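Sequence lines set the chain letters: A, B, ... in the order given, protein chains first and strands last, and positions in each chain run from 1. Basis for what follows: all heavy atoms, side chains included, without hydrogens, waters or symmetry-related copies.
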Amino acid sequence: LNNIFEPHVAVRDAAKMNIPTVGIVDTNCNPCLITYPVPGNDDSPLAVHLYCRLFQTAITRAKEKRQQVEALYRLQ
RNA sequence: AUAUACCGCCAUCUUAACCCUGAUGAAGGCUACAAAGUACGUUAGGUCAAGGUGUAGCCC
Ligand SMILES: [Mg+2]
Ligand SMILES: [Mg+2]
């Protein structure tokens with residue numbers, strides 16, 4: 001949601017550009033066009049910190065796994 | 001006599017695209033503590049005095 005409590009324009013624009021979206025949706029949000037919605041609280045700092053931690057950890061772990069797999073492929 | 005013959009000189013006037021919204025109707029698009037907006041000719045002109053090339057007139 002933007003600051004007028006309407007959807008972020010990027011949701012519709014990403015749908016137009018065929019870019020998948022992950023999103024945190026609160027009870028007053030519209031999840032119809034988010035590809036992978038995650039229902040949850042987006043206001044409490046604890047919750048937002050948990051989301052940031054999870055996504056950062058997943059991204060770094062995936063990138064490290066890619067590096068390890070390519071290294072194994074070349075070495076072996 | 002004619003630049004109301006040209007040339008010279010002066011002067012007069014004339015000389016987009018993309019992206020969104022509305023049911024992809026006519027149509028519309030701003031808020032900063034930010035909400036779709038971003039990129040030459042012309043003249044019955046003057047000048048025959050610091051300049052020219054022609055054309056015509058009269059020639060009891
Ligand atoms: Mg909320
Ligand atoms: Mg004249």
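The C1'-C2'-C3'-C4' torsion of B:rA5 is positive, so its sugar falls on the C3'-endo, or north, side. Because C1'-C2'-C3'-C4' is negative for B:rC48, its sugar is assigned to the south class. Nucleotide B:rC33 carries a south sugar; the sign of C1'-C2'-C3'-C4' is negative. B:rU31: sugar pucker south (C1'-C2'-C3'-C4' torsion negative). Sugar pucker annotation for B:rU15: north, assigned from a positive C1'-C2'-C3'-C4' dihedral.
The CG atom of A:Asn2 sits 10 Å away from the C1' atom of B:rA34 (whole-angstrom rounding). Rounded to a whole Å, the NE2 atom of A:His8 is 11 Å from the P atom of B:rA34. Protein atom CD1 of A:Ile4 is 13 Å distant from nucleotide atom P of B:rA32, rounded to whole Å. The CD-P distance, from A:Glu6 to B:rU31, rounds to 17 Å in whole Å.
Legend: unstacked base step between B:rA50 and B:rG51; six-membered ring centres and planes not within 5.5 Å and 30° respectively. Judged by ring centres closer than 5.5 Å and planes tilted by less than 30°, the bases of B:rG25 and B:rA26 are stacked on each other. Under the 5.5 Å centre and 30° plane thresholds, the six-membered base rings of B:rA27 and B:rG28 are judged to be stacked. Annotated as stacked: the bases of B:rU38 and B:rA39, by the 5.5 Å centre and 30° plane rule.
Between B:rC60 and B:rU55, the distance separating the two P atoms is 23 Å to the nearest Å. B:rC19 and B:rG37: their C1' atoms are spaced 8 Å apart (whole Å). B:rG8 and B:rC59 have their P atoms separated by 38 Å, given to the nearest Å. B:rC13 and B:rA56 have their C1' atoms separated by 33 Å, with the value rounded to a whole Å. The same atom, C1', is picked in B:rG54 and in B:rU12; the two are 28 Å apart, to the nearest Å. Comparing B:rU15 with B:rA49, their P atoms are spaced 37 Å from each other, to the whole Å. The separation of B:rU31 from B:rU24, taken at their P atoms, amounts to 25 Å, rounded to a whole angstrom. Across B:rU42 and B:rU38, the matching P atoms stand 48 Å from one another, rounded to whole Å.
To the nearest 0.5 Å, the span separating CD1 on A:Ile24 from CG on A:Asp43 amounts to 11.5 Å. Distance check: A:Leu33 CG to A:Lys16 NZ gives 10.5 Å after rounding to the nearest 0.5 Å. Here CZ of A:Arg12 is found 13.5 Å from OG1 of A:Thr21. Values are rounded to the nearest 0.5 Å. A:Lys63 contributes atom NZ, which lies 11.5 Å from atom CZ of A:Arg66 (distance to the nearest 0.5 angstrom). The distance from atom CG of A:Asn28 to atom CG of A:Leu1, rounded to the nearest 0.5 Å, is 5.5 Å.
In this entry the base of B:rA11 is anti relative to its sugar, with a glycosidic angle more than 90° from 0. With a glycosidic angle more than 90° from 0, B:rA56 adopts the anti conformation.
Atom CG of A:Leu46 has 12 or fewer heavy atoms from other residues, nucleotides or ligands within 6.0 Å. More than 12 heavy atoms of other residues, nucleotides or ligands sit less than 6.0 Å from atom CD of A:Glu70.
The pairing partner recorded for B:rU15 is none, the criterion being a Watson-Crick or G-U wobble arrangement whose two distances lie under 3.5 angstrom. The partner of B:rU55 is B:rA1, by the rule that a Watson-Crick or G-U pair needs both atom distances under 3.5 Å.
Phosphate contact (OP1/OP2 of B:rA34, side-chain N/O of A:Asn3, threshold under 4.0 Å): present. Contact annotation: A:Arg12 side-chain N/O to B:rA36 OP1/OP2 distance is not under 4.0 Å.
Here A:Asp13 lies in heavy-atom contact (under 4.0 Å) with a base.
Pairing between B:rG8 and B:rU47: present (Watson-Crick or G-U wobble, both distances under 3.5 Å). Judged by Watson-Crick and G-U wobble geometry, where both atom pairs must sit under 3.5 Å apart, B:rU12 and B:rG22 do not count as a base pair.
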